[PDB]
Number of protein chains: 2
Amino acid sequence: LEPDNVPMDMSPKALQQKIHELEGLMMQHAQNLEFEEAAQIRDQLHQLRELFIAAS
Amino acid sequence: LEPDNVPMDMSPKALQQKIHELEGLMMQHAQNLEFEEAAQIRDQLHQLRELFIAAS
């Protein structure tokens, strides 16, 4: 009983794991002047940000 | 007489000076995750490249 409240809920993990993954990707290309297809993550990094709270 | 051939003509200077100026700008924003308006230079850095020969 009360399984979701047995461990913890600091973050959704999956989402938080994806955000830190896409943001760290921009630096790579942006550093190698490959931000063309890389900077696009800016749209997913910003949208996933607000969802951080709506998620957990 | 022969003024354009008195000094030299390694490069157009103005163009070559602008290209190195726009390309060095991308690294700045791209490094501070500001490639949004910065990555746009990619269009001027690539177009000015081919013009490098058509110029001098």
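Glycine also receives a Cβ, built like all others from the backbone with ideal geometry; neighbour counts cover every protein chain displayed. Each value in this text was obtained by applying a stated rule to the coordinates, not by laboratory testing.
Of note:
- Label spacing, shortest first and in nm, from B:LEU1 to its equivalents in the remaining copies (7 angstrom along Cα→Cβ): 10.8
- Average projected area [Cα convex hull, chain A], square nanometres: 4.2 nm²
- For region A:1-15 versus chain B, the spacing of their alpha-carbon centroids is 53 Å.
- Based on Cα contacts under 8 Å between residues 6+ apart, chain B shows a relative contact order of 44 percent.
- About the centre of its Cα atoms, chain B shows a dipole size close to 80 debye [charges on the beta carbon of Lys, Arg (+1) and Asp, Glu (-1) only; nearest 20 debye].
- In sequence order, region A:41-52 has phi-based couplings of 3, 3, 6, 7, 5, 6, 5, 5, 4, 3, 5, 3 Hz under the Karplus curve 6.51 cos²θ - 1.76 cosθ + 1.60, θ = phi - 60°, and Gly or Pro positions carry x.
- 3J(HN,Hα) from dihedral phi, region A:22-38, Karplus parametrisation 6.51/-1.76/1.60, rounded to Hz, x for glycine, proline: 6, 4, x, 6, 3, 3, 3, 3, 3, 7, 9, 6, 10, 4, 3, 7, 6
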